[PDB]
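Trainee: First to last, the protein sequences are chains A and B.
Start counting the first sequence at 941; every next residue gets the next number (the entry's author numbering).
Start counting the second sequence at 1302; every next residue gets the next number (the entry's author numbering).
Beta carbons: idealized from backbone N, C-alpha and C, even for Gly.
Have a look at this one.
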Amino acid sequence: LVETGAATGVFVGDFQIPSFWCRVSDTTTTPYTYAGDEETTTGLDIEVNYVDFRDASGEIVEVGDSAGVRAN
Amino acid sequence: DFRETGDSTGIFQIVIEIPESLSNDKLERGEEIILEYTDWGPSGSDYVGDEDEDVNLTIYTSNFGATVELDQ
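Right, dumping it as structure tokens:
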């Protein structure tokens, strides 16, 4: 994440969606235990989650957005 | 967790996703969903922890005709 300007307060970050990704078998252990086979990301929904330490009232509120990886 | 709507409101809200599977088994269509919580402080309680009245809510899952058709 990089800020747009010196005092803009808006952070912009980007990446390219891969064709193949490795699914995490379980998130209950560290380091994560990954599945043994990869799967194509098409059709799956890509969701982000920005952890907000201080909401408008000044506390932790979990906000994110949703999108889908289209295929033709 | 439960989060209060406003500093002087008293109403708590939270966004919950309906699970497709609770623990090693799926959740079925038309299943009876009961959301019960214990107040520990009901109107008939002289103080906290005196009366253990419980309150529940009924939630329905979506039911629609799973019709199957063929071209010919």
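Is the region 974-991 of chain A touching the region 946-965 of chain A, taking contact as three or more C-beta pairs under 8 Å?
Mentor: As far as the Cβ criterion goes, the region 974-991 of chain A touches the region 946-965 of chain A, which means the pair count is three or higher.
Trainee: Could you tell me the boundaries of the beta strand (DSSP E) in which A:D977 lies?
Mentor: Segment 973-980, the beta strand (DSSP E) holding A:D977.
Trainee: If you draw a straight line from the alpha carbon of A:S959 to that of A:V1009, how long is it in whole angstroms?
Mentor: Distance between the alpha carbons of A:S959 and A:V1009 is about 10 Å.
Trainee: With DSSP as the reference, please indicate the residues paired to B:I1335 in a beta bridge.
Mentor: B:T1359, per the DSSP bridge assignment.
Trainee: Whose Cβ in chain A lies nearer than 9 Å to the Cβ of B:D1308?
Mentor: Within 9 Å Cβ-Cβ: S997.
Trainee: Using the Cα positions of B:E1321 and A:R994, report the straight-line distance between them to the nearest angstrom.
Mentor: Their backbone Cα atoms lie some 31 Å apart in a straight line.
Trainee: Helix or strand or just coil, what does DSSP make of A:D966?
Mentor: Strand.
Trainee: Is B:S1324 helix, strand or coil when you go by DSSP?
Mentor: Residue state, collapsed to three classes: coil.
Trainee: Please report the residue range of the beta strand (DSSP E) in which A:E1002 lies.
Mentor: Looking at the DSSP string, the run of the beta strand (DSSP E) that includes A:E1002 is 1001-1008.
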